[PDB]
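One structure is given below, encoded as structure tokens.
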Amino acid sequence: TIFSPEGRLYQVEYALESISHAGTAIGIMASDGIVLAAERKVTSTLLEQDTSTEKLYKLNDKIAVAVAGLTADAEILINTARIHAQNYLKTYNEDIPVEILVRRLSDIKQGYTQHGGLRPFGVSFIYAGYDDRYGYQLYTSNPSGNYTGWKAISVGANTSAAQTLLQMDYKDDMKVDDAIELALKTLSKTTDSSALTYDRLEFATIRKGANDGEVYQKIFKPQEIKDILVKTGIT
Amino acid sequence: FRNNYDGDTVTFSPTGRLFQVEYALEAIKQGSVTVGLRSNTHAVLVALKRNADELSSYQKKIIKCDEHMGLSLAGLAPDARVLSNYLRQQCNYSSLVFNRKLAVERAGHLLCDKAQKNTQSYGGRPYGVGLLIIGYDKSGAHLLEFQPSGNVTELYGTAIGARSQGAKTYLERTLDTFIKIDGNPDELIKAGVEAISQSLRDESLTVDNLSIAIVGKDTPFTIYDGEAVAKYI
Amino acid sequence: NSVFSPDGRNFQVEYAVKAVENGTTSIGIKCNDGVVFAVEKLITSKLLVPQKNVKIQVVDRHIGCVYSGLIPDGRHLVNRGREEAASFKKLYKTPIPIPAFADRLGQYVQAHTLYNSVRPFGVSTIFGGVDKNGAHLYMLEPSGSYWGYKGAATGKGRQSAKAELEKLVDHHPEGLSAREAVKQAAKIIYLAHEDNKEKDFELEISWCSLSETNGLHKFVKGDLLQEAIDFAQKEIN
Amino acid sequence: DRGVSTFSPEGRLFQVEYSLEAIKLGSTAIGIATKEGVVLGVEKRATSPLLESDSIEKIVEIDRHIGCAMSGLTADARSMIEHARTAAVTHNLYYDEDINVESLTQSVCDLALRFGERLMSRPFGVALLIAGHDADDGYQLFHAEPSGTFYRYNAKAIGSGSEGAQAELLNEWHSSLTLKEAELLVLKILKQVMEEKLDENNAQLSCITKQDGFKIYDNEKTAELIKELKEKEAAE
Amino acid sequence: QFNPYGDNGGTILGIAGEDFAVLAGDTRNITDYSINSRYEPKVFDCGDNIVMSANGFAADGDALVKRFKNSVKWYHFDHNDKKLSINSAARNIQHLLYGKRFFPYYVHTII
Amino acid sequence: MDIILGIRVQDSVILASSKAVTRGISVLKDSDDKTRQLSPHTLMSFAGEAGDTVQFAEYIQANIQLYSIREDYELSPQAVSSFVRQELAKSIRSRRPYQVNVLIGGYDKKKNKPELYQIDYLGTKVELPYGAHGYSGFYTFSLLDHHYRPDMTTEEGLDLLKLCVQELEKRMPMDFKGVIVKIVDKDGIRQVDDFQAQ
Amino acid sequence: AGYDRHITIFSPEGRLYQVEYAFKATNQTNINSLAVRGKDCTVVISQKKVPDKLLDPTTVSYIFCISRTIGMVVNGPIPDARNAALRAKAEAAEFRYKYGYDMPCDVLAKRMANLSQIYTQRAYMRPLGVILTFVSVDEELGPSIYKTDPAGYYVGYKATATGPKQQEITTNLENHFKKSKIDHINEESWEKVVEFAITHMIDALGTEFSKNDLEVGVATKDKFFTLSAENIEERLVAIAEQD
Amino acid sequence: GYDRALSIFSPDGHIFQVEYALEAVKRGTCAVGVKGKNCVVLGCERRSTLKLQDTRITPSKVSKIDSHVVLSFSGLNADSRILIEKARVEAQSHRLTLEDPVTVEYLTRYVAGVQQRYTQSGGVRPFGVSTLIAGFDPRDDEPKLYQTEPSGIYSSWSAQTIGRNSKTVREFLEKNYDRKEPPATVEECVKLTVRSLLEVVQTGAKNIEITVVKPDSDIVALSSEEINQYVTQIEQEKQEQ
Amino acid sequence: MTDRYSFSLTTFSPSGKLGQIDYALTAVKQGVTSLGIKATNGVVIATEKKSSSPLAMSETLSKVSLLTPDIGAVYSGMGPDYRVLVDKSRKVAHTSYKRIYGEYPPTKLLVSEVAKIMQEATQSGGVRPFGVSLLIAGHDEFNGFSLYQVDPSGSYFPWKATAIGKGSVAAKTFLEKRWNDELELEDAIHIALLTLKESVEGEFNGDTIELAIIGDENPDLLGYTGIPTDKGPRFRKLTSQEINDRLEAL
């Protein structure tokens with residue numbers, strides 16, 4: 001929470017540095033939904049993937065996050081984001097607008113940036129959500145308290161490579177299935193592993209509930225990632 | 001041995017010294033001279049005031065604390081305001097609660113204890129002012145010397161600040177004369193004024209130069225400035 | 001302060017000790033039904049009012065306290081000893097026993113050696129008195145360490161004073177009388193003044209004896225003070 | 001590099017000494033006390049021609065009988081002025097009378113001490129000239145430093161040009177100066193020390209009189225005193 | 001239940017002349033039907049040429065006179081020994097009394 | 001005591017509020033507006049205890065206006081009413097509750113429906129075709145039970161109110177000095193200031 | 001002046017120097033203690049050194065009666081020893097008030113261990129330079145010895161020793177139980193357990209003791225007490241007419 | 001309670017933390033305010049390191065404080081939110097207690113007051129933000145423009161700019177803005193604002209934005225096309241030999 | 001008195017490391033090896049009882065602790081740090097869960113809470129992180145059997161089998177070879193006993209090994225009969241006698 005002679009924030013810059021070594025997460029926004037995809041940090045055969053969750057978190061029923069950084073620091077923030085969503089719903093009898101939940105979390109982060117002598121959270125979030133004001137939304141927040149909206153974005157390891165590739169293949173009139181495909185391809189080329197297998201991935205979508213007129217959150221099961229990995233020509 | 005041991009008041013040097021306290025003591029040396037002396041019927045403060053400019057005021061150095069007590073300062077003046085204020089309250093408490101004028105000695109002990117806490121706290125600082133305390137109570141006239149280290153001593157006479165040693169030498173030799181000046185206010189002030197002069201490379205002490213205070217048997221603490229001190233030059 | 005050095009010692013305490021060793025010399029002597037206390041008061045200037053800068057301090061009515069080092073630190077400690085005695089009396093009715101009073105001071109002083117935000121006390125305190133079961137003498141160091149003593153000395157001339165005390169202990173196994181310890185204390189202070197004599201000094205003695213003060217703390221004034229000054233002036237010429 | 005309320009081996013408080021260096025970097029303020037009133041004048045020192053000189057507020061009212069000029073980090077003076085205004089208004093509420101000038105100054109100086117319960121992290125980076133009138137001690141001028149010390153002065157200058165200005169105030173000040181003379185002198189000494197050429201937009205005058213209180217002089221009235229100083233200092 | 005108030009009787013009288021004023025009171029102090037004292041003064045010189053009397057519940061009166069005498073003492077300290085004018089005393093006494101608006105001094109006071 | 005009426009027609013909501021302010025023996029004012037605009041399409045009327053009434057309304061008004069400027073967006077009438085309810089529900093268990101009953105009439109632009117919420121000082125909320133607070137409801141509810149139709153125009157809504165007011169001028173003990181009438185529709189909020197001698 | 005030398009943060013090797021230095025402090029008094037269990041008693045012995053002739057020997061002790069049933073011997077400087085003593089007395093009195101039975105030896109050990117753990121983790125508190133040995137005849141467990149250190153560690157013991165010459169005493173005791181095949185002193189009177197304890201202290205240290213060189217505490221069912229010099233002398237006379 | 005003093009004096013009499021906050025402002029994207037005869041115009045720029053952004057949902061640099069006053073900034077974005085919230089609360093509070101919306105000056109004095117307090121509080125760093133605050137006083141037609149910096153200083157400006165390369169644009173504005181004749185129309189006021197931004201931005205593309213404030217809560221944000229009309233007109237008009 | 005250091009003692013370095021967390025992990029490396037293996041009808045957690053002198057009583061030291069009737073924990077690193085985490089864990093299982101829902105928390109959620117306690121020591125002022133890694137084995141009705149590792153940073157992850165401390169590298173490899181998803185509980189115990197044999201130097205018996213299981217319900221460990229709707233704790237410490245019996249057929 002001190003300034004450098006240049007006017008940068010030491011602990012912030014170093015926290016971003018910390019994040020740059022974490023498993024990659026990508027968010028892609030479509031006309032009819034949103035994809036979230038994340039890669040697990042150098043895993044093992046004995047690590048459970050069934051009862052496992054480390055990068056993809058449900059905030060309420062209309063909003064999910066992808067985590068790059070310190071898992072434990074993120075759980076702290078996820079918990080208060082969940083509580084903040086419920087206060088808003090209790091107060092107004094309406095689900096929280098995506099931007100409002102995001103502004104709040106970023107404000108918390110900003111606090112550790114300006115006062116108290118405590119280290120910032122070593123976490124960056126990609127937010128995927130839907131509300132009836134703006135439709136599908138994709139946001140990013142980092143330890144500096146800064147947030148911005150995206151059509152497609154990445155956090156963690158190899159963001160430069162990942163961002164180059166997304167810029168190359170993304171187009172405004174994409175469907176969700178193309179976005180799912182783009183997500184896996186972009187992770188395929190930015191991995192630090194041999195090849196992309198199912199047990200190294202977390203995957204989520206926010207679609208328009210197939211047939212209903214309602215909004216659905218799907219956190220893919222191991223087998224579902226394994227299956228989606230076949231069609232796309234990666235097996 | 002002098003290095004990383006003057007950071008705060010909460011740290012002893014390997015010698016056993018407290019440097020922040022010693023440095024506070026140093027602000028006294030750089031302060032304008034003041035003299036205290038007493039007989040058996042009266043006690044007197046003479047303070048030479050110092051100006052910033054020829055256009056400026058000669059900053060007031062004597063503070064009344066009760067009808068029977070008061071003091072003169074050398075060093076950080078704001079610190080003399082905190083401490084005399086505390087002394088005013090303590091004198092006041094003694095009156096309201098016990099209908100009792102506060103003994104000069106108790107005032108000494110109280111000031112000592114207040115300064116002491118600031119030589120042991122973290123993030124605080126020692127006081128940077130010396131104080132000469134005179135009073136007339138149930139045991140007669142008294143002079144006290146307060147040091148920011150928290151050491152207070154009772155004396156017949158003394159001086160503090162810039163070149164105090166001149167006046168302190170004179171008073172050491174004049175001892176048996178001034179102590180006998182009983183029931184004769186003006187001669188005790190004169191003995192004080194001639195004491196403060198042994199410490200002046202400055203000059204002829206003028207009308208705005210001088211500040212005098214007296215307390216005694218039937219004299220409430222009163223401060224004389226300018227006009228009223230002209231007859232002592 | 002909350003810092004052990006690699007040898008297991010506390011360097012801030014160790015430095016506080018230096019401030020004590022730098023101080024005026026003071027003593028305590030246990031006698032058969034009481035305790036006597038004495039101190040050396042340096043006459044900085046002739047302008048000091050004689051007999052008017054009292055150093056020895058009373059706690060409750062039965063405990064005497066004397067110290068060497070930073071005088072304000074000693075005063076701070078006595079104030080706390082006073083609150084501590086009062087609190088014991090309020091609750092338990094009986095006046096605070098000396099062993100009990102010693103641990104109260106002990107624990108407080110020790111607490112100022114636990115935290116980096118506080119400094120230790122720059123005094124060694126010699127204190128004691130007469131309680132429900134006899135006379136007690138104690139000395140307390142900046143570390144919070146204290147023990148019972150037959151005789152105690154601290155300050156600049158502690159070594160010569162301790163030497164004198166050891167001689168008294170070894171040559172009076174039967175015990176010393178309060179009246180005698182009073183004179184003896186005067187001797188020892190004068191003898192101890194040898195190690196701090198680039199300045200003239202004033203002697204101050206107090207005592208607490210069952211037969212001489214009914215077990216109350218009292219200053220030695222007047223004739224009895226002079227008799228001791230005379231006895232001491234004699235055995236140095 | 002160890003503490004905020006730390007003493008140097010000379011016995012000065014580091015932070016207090018450095019705050020004074022900040023004041024020397026500030027724009028000049030000058031005060032002159034007479035038996036007809038007290039004059040306060042300031043150097044606006046606009047950082048650009050686009051800065052609207054009128055929005056530069058370095059002379060402020062405290063009460064009808066008390067005004068004040070600042071020099072240094074002027075943003076720090078806001079809470080000082082606010083505290084001075086409160087202290088003066090409060091005194092009138094409790095006592096049905098005007099606060100004495102010294103008392104108000106002492107109050108401001110009490111606030112200054114509260115750095116290091118001491119809720120303030122550093123000393124103020126600003127000095128104040130406090131001028132006013134009261135029944136007992138007449139027209140008065142005070143210099144209030146961020147140390148908590150204050151000084152009464154017949155005349156005083158603070159800011160970047162204070163060293164030169166004070167010597168000039170020494171030669172020029174006498175116990176018989178009229179109000180009109182004093183106004184001219186402030187303008188003159190300001191003209192000397194100002195890095196720019198003194199006109200009605202980069203300098204400002206004000207005074208306090210018993211009869212009319214604290215008035216800030218508007219530009220039109222100041223320009224006249226300029227177009228009179230130049231003429232008085234042409235014949236000689 | 002404890003009643004924190006009592007009534008000590010008394011009667012006080014102030015008259016202003018052209019260049020003088022008087023404040024008088026009886027010296028009798030009472031509880032119910034008893035005389036506590038035949039001579040207990042209740043008109044006081046408070047310094048600065050001000051006389052004061054706070055009559056009613058004598059405990060409250062004594063407290064108030066004390067606090068005003070002290071007020072005068074501190075006015076001298078804080079305001080370079082200035083004489084406290086009579087209008088200024090009055091206003092100050094308003095604030096003393098009103099500070100206890102919700103647990104009042106049961107006195108009628110005249111200066 | 002004071003009349004606070006609300007009627008929800010097909011394309012608007014109409015609020016009617018008495019103009020009298022009476023303390024003790026005196027009618028002090030005969031032109032009081034017992035209403036605060038919360039947002040361009042949401043209006044609140046209030047009655048209850050003397051001080052509490054305006055302080056609460058103005059406090060709610062400040063809060064909604066703040067939300068508006070922060071999000072550059074107008075909250076729905078349902079969201080505003082839930083905010084107001086929770087405030088009152090918190091208030092009722094505090095040291096000194098707000099003794100204020102409210103009606104909230106708003107036009108929901110997203111749904112294109114008018115809405116009327118009735119909320120009492122306890123934080124008891126309900127949505128209704130017509131509503132009232134205090135004694136006046138003891139006359140109007142049954143009257144509107146009879147004469148009200150869900151598909152009425154705004155003009156019919158005003159004639160329905162005329163009946164409500166007329167009945168209250170016949171049977172209520174106190175002189176409430178007529179009503180101010182306000183309409184909340186797709187175009188916002190306007191005042192029909194000409195109802196008293198119509 | 002690296003910070004990991006002065007406060008209780010980790011060093012690069014995952015160490016806490018302040019704690020290590022606190023262990024060093026425990027030997028400052030140059031005293032050894034040992035504890036052994038009898039059939040139905042528990043004994044603690046500690047050396048007693050009174051160098052200064054001016055001291056009153058009766059006040060120089062490192063054994064503490066924590067409660068009716070629990071004793072404690074400390075290895076370390078006296079200020080820290082007494083701080084730990086006062087706290088344990090408070091803790092034991094509180095426990096009895098809150099829970100209606102006497103605090104067991106091991107529970108107080110654990111409680112003190114946890115307190116020390118805190119100083120191990122929080123920067124503003126230094127550890128205490130002490131090792132505390134707690135002894136009792138526990139109403140559920142029987143003879144008990146539980147020992148805590150500046151790291152916050154504690155464990156129960158068959159027997160134990162503490163001080164500069166700890167290792168010598170420990171191995172001496174290990175060798176005794178190695179041979180005897182049991183985990184206590186098979187002796188019915190506590191006097192003989194004390195006699196055992198002193199005998200093995202003499203052997204491991206290669207020193208004869210007089211009555212003023214030792215300090216003895218005994219725990220029995222429903223009492224812990226310390227021995228007087230004359231009690232100890234009687235114990236010393238008996239070991240002479242045998243060993 | 002962490003109250004360790006971060007903003008302190010250096011021997012030369014500077015507060016380095018405040019000083020470095022200004023460096024973060026200089027790092028921040030450019031902002032410009034210029035006030036005409038009957039309007040005040042604000043203008044900003046957008047950075048380039050990423051451009052796969054969503055335009056609809058990303059926070060714009062001009063914020064309404066009340067319906068008649070706006071605030072723009074250069075510096076730390078996260079820091080500026082905190083000032084904007086606090087300013088918005090104060091604007092509502094002023095309405096509630098005074099029954100009048102804030103004067104532009106009052107809102108400026110408040111925000112500057114907040115920035116100041118953060119320069120002298122234990123355990124807090126100054127705002128890495130400098131602001132321009134513009135609008136109209138209720139029931140008044142005289143246009144208002146003010147700037148605040150991290151220290152807490154504030155003043156009114158005929159025209160001003162802050163942020164990166166503000167040196168260059170303040171150069172421009174000093175040559176071009178005439179006190180005697182302010183840009184008498186909204187159109188010719190936006191003209192001077194675009195010209196001043198053109199020196200730093202590169203293209204009038206997805207980077208330059210404008211907001212016009214007129215009296216009585218009349219605040220309209222421009223669209224890409226309406227800006228492109230000013231962009232196309234000047235580049236080819238002011239190139240001739 | 002009072003607390004001074006109100007700032008984080010764990011900060012980010014220019015390389016993005018959090019030093020104190022690394023150093024805590026280094027402390028965990030020195031620690032005695034401990035392990036856990038998940039079966040189809042059980043979980044086993046096991047460690048070595050490294051005695052300091054044969055005079056110490058090994059049984060009095062708790063290295064494997066019951067957290068709830070269905071949840072256990074073991075650790076590697078600093079013993080006293082573990083011991084206070086066990087106390088806070090047990091208490092939070094009550095204050096944050098049982099006193100609210102009248103049932104003990106599911107494994108993942110208690111693990112989550114411990115992880116919270118450890119994260120806080122990573123960010124609060126005046127504290128250092130805990131110098132332990134924990135393995136928490138448990139059962140709950142809706143998730144069945146699970147095993148988790150919690151590290152000094154507060155990070156946690158589920159494992160089929162794993163090891164921490166000294167011989168972790170070699171032991172992880174040993175487990176990888178031997179673990180299939182069809183193992184009965186008795187097989188996992190036997191595999192655990194084999195794995196722990198590599199790490200130990202001195203004696204290797206039932207008095208130097210601590211081993212607990214999360215298996216079937218133990219009705220005879222309940223304390224009372226008459227409410228058929230609970231049949232007792234799933235956590236069980238194996239006795240010294242039971243460990244030795246399985247060693248003879250090793």
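By order of appearance in the structure tokens: chains A, B, ..., then residues from 1 within every chain, and ligands from 1 in the order shown.
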Write out as a list in words each polymer residue whose atoms come within 9 Å of residue 110 (chain H), counting only C-alpha atoms; drop sequence neighbours fewer than 5 positions from it.
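Using only C-alpha atoms, the neighbours found are residues 87, 90, 105 and 115 of chain H.
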Could you save the residues just selected, with N, CA, C and O atoms, as a PDB file, in the first residue's frame?
```pdb
ATOM      1  N   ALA H  87     -18.496  11.275  -3.340  1.00  0.00           N
ATOM      2  CA  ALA H  87     -19.007  12.525  -3.876  1.00  0.00           C
ATOM      3  C   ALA H  87     -20.509  12.412  -4.108  1.00  0.00           C
ATOM      4  O   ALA H  87     -21.259  13.361  -3.864  1.00  0.00           O
ATOM      5  N   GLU H  90     -22.372  12.582  -0.782  1.00  0.00           N
ATOM      6  CA  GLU H  90     -22.398  13.971  -0.321  1.00  0.00           C
ATOM      7  C   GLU H  90     -23.422  14.831  -1.065  1.00  0.00           C
ATOM      8  O   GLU H  90     -24.042  15.722  -0.480  1.00  0.00           O
ATOM      9  N   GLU H 105     -18.542  24.287  -7.116  1.00  0.00           N
ATOM     10  CA  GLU H 105     -17.489  24.616  -6.175  1.00  0.00           C
ATOM     11  C   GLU H 105     -17.565  23.743  -4.918  1.00  0.00           C
ATOM     12  O   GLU H 105     -16.564  23.146  -4.526  1.00  0.00           O
ATOM     13  N   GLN H 115      -9.345  14.012  -0.491  1.00  0.00           N
ATOM     14  CA  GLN H 115      -7.990  13.720  -0.947  1.00  0.00           C
ATOM     15  C   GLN H 115      -6.944  14.219   0.058  1.00  0.00           C
ATOM     16  O   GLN H 115      -5.998  13.495   0.392  1.00  0.00           O
TER      17      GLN H 115
END
```
Please tabulate, as a Markdown table, the residues of chain D that come within 12 Å of chain H, each with its closest pair of atoms and the distance in Å to one decimal, counting only C-alpha atoms and ordering rows by chain, then residue number upward.
```
| residue | atom | partner | partner_atom | distance |
| --- | --- | --- | --- | --- |
| D:1 | CA | H:10 | CA | 9.6 |
| D:2 | CA | H:5 | CA | 11.3 |
| D:3 | CA | H:5 | CA | 9.0 |
| D:4 | CA | H:5 | CA | 7.6 |
| D:5 | CA | H:5 | CA | 10.7 |
| D:13 | CA | H:9 | CA | 11.6 |
| D:14 | CA | H:11 | CA | 8.2 |
| D:15 | CA | H:9 | CA | 6.1 |
| D:16 | CA | H:9 | CA | 8.7 |
| D:17 | CA | H:11 | CA | 7.9 |
| D:18 | CA | H:13 | CA | 4.9 |
| D:19 | CA | H:13 | CA | 5.8 |
| D:20 | CA | H:13 | CA | 7.1 |
| D:21 | CA | H:13 | CA | 4.6 |
| D:22 | CA | H:13 | CA | 4.1 |
| D:23 | CA | H:13 | CA | 7.8 |
| D:24 | CA | H:13 | CA | 8.5 |
| D:25 | CA | H:13 | CA | 7.9 |
| D:26 | CA | H:13 | CA | 10.6 |
| D:44 | CA | H:155 | CA | 11.7 |
| D:46 | CA | H:155 | CA | 9.8 |
| D:47 | CA | H:155 | CA | 10.6 |
| D:48 | CA | H:174 | CA | 8.4 |
| D:49 | CA | H:174 | CA | 7.2 |
| D:50 | CA | H:158 | CA | 5.5 |
| D:51 | CA | H:157 | CA | 4.7 |
| D:52 | CA | H:157 | CA | 5.4 |
| D:53 | CA | H:156 | CA | 8.2 |
| D:54 | CA | H:156 | CA | 8.3 |
| D:55 | CA | H:155 | CA | 5.6 |
| D:56 | CA | H:155 | CA | 6.5 |
| D:57 | CA | H:155 | CA | 8.9 |
| D:58 | CA | H:155 | CA | 11.5 |
| D:72 | CA | H:13 | CA | 9.9 |
| D:73 | CA | H:151 | CA | 8.3 |
| D:74 | CA | H:153 | CA | 7.2 |
| D:75 | CA | H:153 | CA | 5.2 |
| D:76 | CA | H:116 | CA | 7.0 |
| D:77 | CA | H:116 | CA | 10.0 |
| D:78 | CA | H:113 | CA | 7.8 |
| D:79 | CA | H:113 | CA | 8.8 |
| D:82 | CA | H:113 | CA | 11.6 |
| D:114 | CA | H:120 | CA | 11.6 |
| D:115 | CA | H:120 | CA | 9.3 |
| D:116 | CA | H:5 | CA | 8.1 |
| D:118 | CA | H:122 | CA | 10.5 |
| D:119 | CA | H:121 | CA | 7.7 |
| D:120 | CA | H:121 | CA | 5.7 |
| D:121 | CA | H:122 | CA | 5.1 |
| D:122 | CA | H:120 | CA | 6.0 |
| D:123 | CA | H:120 | CA | 8.3 |
| D:124 | CA | H:120 | CA | 8.5 |
| D:125 | CA | H:13 | CA | 8.3 |
| D:126 | CA | H:13 | CA | 11.0 |
```
Within 6 Å of chain A: residues of chain H, using only C-alpha atoms, as a list in words
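Close to chain A, chain H has residues 2, 20, 21, 23, 24, 53, 54, 57, 58, 78, 123, 124 and 125 of chain H.
For chain I, the residues no farther than 10 Å from chain C when using only C-alpha atoms are residues 1, 2, 3, 4 and 5 of chain I.
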Write out the residues from the selection above, keeping N, CA and C atoms, as an mmCIF file, in the first residue's frame.
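Result went into out_2.cif, see below:
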```cif
data_model
loop_
_atom_site.group_PDB
_atom_site.id
_atom_site.type_symbol
_atom_site.label_atom_id
_atom_site.label_comp_id
_atom_site.auth_asym_id
_atom_site.auth_seq_id
_atom_site.Cartn_x
_atom_site.Cartn_y
_atom_site.Cartn_z
ATOM 1 N N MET I 1 2.418 -3.442 27.205
ATOM 2 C CA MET I 1 1.412 -4.477 26.811
ATOM 3 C C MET I 1 0.959 -4.251 25.352
ATOM 4 N N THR I 2 -0.183 -4.834 24.964
ATOM 5 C CA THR I 2 -0.829 -4.627 23.639
ATOM 6 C C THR I 2 0.007 -5.109 22.425
ATOM 7 N N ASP I 3 -0.601 -5.072 21.235
ATOM 8 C CA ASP I 3 -0.003 -5.565 19.986
ATOM 9 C C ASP I 3 0.489 -4.409 19.102
ATOM 10 N N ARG I 4 1.744 -4.478 18.644
ATOM 11 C CA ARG I 4 2.291 -3.459 17.724
ATOM 12 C C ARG I 4 2.185 -3.817 16.244
ATOM 13 N N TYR I 5 2.851 -4.903 15.840
ATOM 14 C CA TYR I 5 2.820 -5.390 14.452
ATOM 15 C C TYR I 5 1.382 -5.646 13.995
#
```
Against chain D, which residues of chain E fall within 8 Å? For each one I want the closest pair of atoms and the distance in Å (one decimal), counting only C-alpha atoms, rows by chain and increasing residue number, as CSV.
```
residue,atom,partner,partner_atom,distance
E:78,CA,D:103,CA,6.9
E:79,CA,D:103,CA,6.0
E:80,CA,D:103,CA,8.0
E:82,CA,D:136,CA,8.0
E:87,CA,D:96,CA,6.9
E:88,CA,D:95,CA,4.6
E:89,CA,D:95,CA,7.0
E:91,CA,D:95,CA,5.5
E:92,CA,D:94,CA,5.4
E:95,CA,D:94,CA,6.8
```
Grab the CA of residue 97 (chain B) to CA of residue 62 (chain E) distance for me, in Å with one decimal place.
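So the answer is 13.2 Å.
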May I have a table of the residues of chain B lying at most 9 Å from chain E, giving each one's closest pair of atoms and their distance in Å to one decimal, counting only C-alpha atoms, ordered by chain and ascending residue number, as JSON lines?
```
{"residue": "B:64", "atom": "CA", "partner": "E:77", "partner_atom": "CA", "distance": 8.0}
{"residue": "B:65", "atom": "CA", "partner": "E:77", "partner_atom": "CA", "distance": 8.5}
{"residue": "B:92", "atom": "CA", "partner": "E:70", "partner_atom": "CA", "distance": 8.5}
{"residue": "B:96", "atom": "CA", "partner": "E:66", "partner_atom": "CA", "distance": 8.0}
```
List every residue of chain A that has an atom at most 10 Å from any atom of chain F, and for each one report the closest atom pair and its distance in Å to one decimal, counting only C-alpha atoms, with rows sorted by chain and then by increasing residue number, as a Markdown table.
```
| residue | atom | partner | partner_atom | distance |
| --- | --- | --- | --- | --- |
| A:88 | CA | F:83 | CA | 9.7 |
| A:89 | CA | F:79 | CA | 9.5 |
| A:90 | CA | F:82 | CA | 8.3 |
| A:91 | CA | F:83 | CA | 5.5 |
| A:92 | CA | F:79 | CA | 4.6 |
| A:93 | CA | F:79 | CA | 6.3 |
| A:94 | CA | F:79 | CA | 6.9 |
| A:99 | CA | F:71 | CA | 9.4 |
| A:100 | CA | F:71 | CA | 8.5 |
| A:132 | CA | F:110 | CA | 9.8 |
| A:133 | CA | F:73 | CA | 9.5 |
```
Using only C-alpha atoms, which residues of chain B come within 6 Å of chain C, and what is the closest atom pair for each, with the distance in Å to one decimal? Give it as a Markdown table, sorted by chain and residue number.
```
| residue | atom | partner | partner_atom | distance |
| --- | --- | --- | --- | --- |
| B:10 | CA | C:119 | CA | 4.9 |
| B:14 | CA | C:15 | CA | 5.1 |
| B:16 | CA | C:19 | CA | 4.4 |
| B:116 | CA | C:72 | CA | 5.7 |
| B:122 | CA | C:117 | CA | 5.5 |
| B:150 | CA | C:72 | CA | 5.6 |
| B:155 | CA | C:48 | CA | 4.3 |
| B:156 | CA | C:47 | CA | 5.3 |
| B:157 | CA | C:47 | CA | 6.0 |
```
As a PyMOL selection string, which residues of region 25-229 of chain A does DSSP assign to helix (DSSP H, G or I)?
chain A and resi 71-92+98-114+159-169+176-190+198-200+222-229
Within 10 Å of residue 13 (chain A) using only C-alpha atoms, minus same-chain residues under 5 positions, as JSON, numbers by chain
{"A": [8, 18, 19, 143, 144], "I": [12, 13, 14, 15, 16]}
What gap, in Å, lies between CA of residue 43 (chain F) and CA of residue 142 (chain F)?
24.8 Å
Go through chain B residue by residue and, counting only C-alpha atoms, keep those with an atom at most 12 Å from chain I; for each kept residue give the shortest atom pair and its distance in Å to one decimal, ordered by chain and increasing number, as a Markdown table.
```
| residue | atom | partner | partner_atom | distance |
| --- | --- | --- | --- | --- |
| B:120 | CA | I:1 | CA | 11.6 |
| B:121 | CA | I:1 | CA | 10.1 |
| B:122 | CA | I:4 | CA | 9.1 |
| B:123 | CA | I:4 | CA | 10.2 |
```
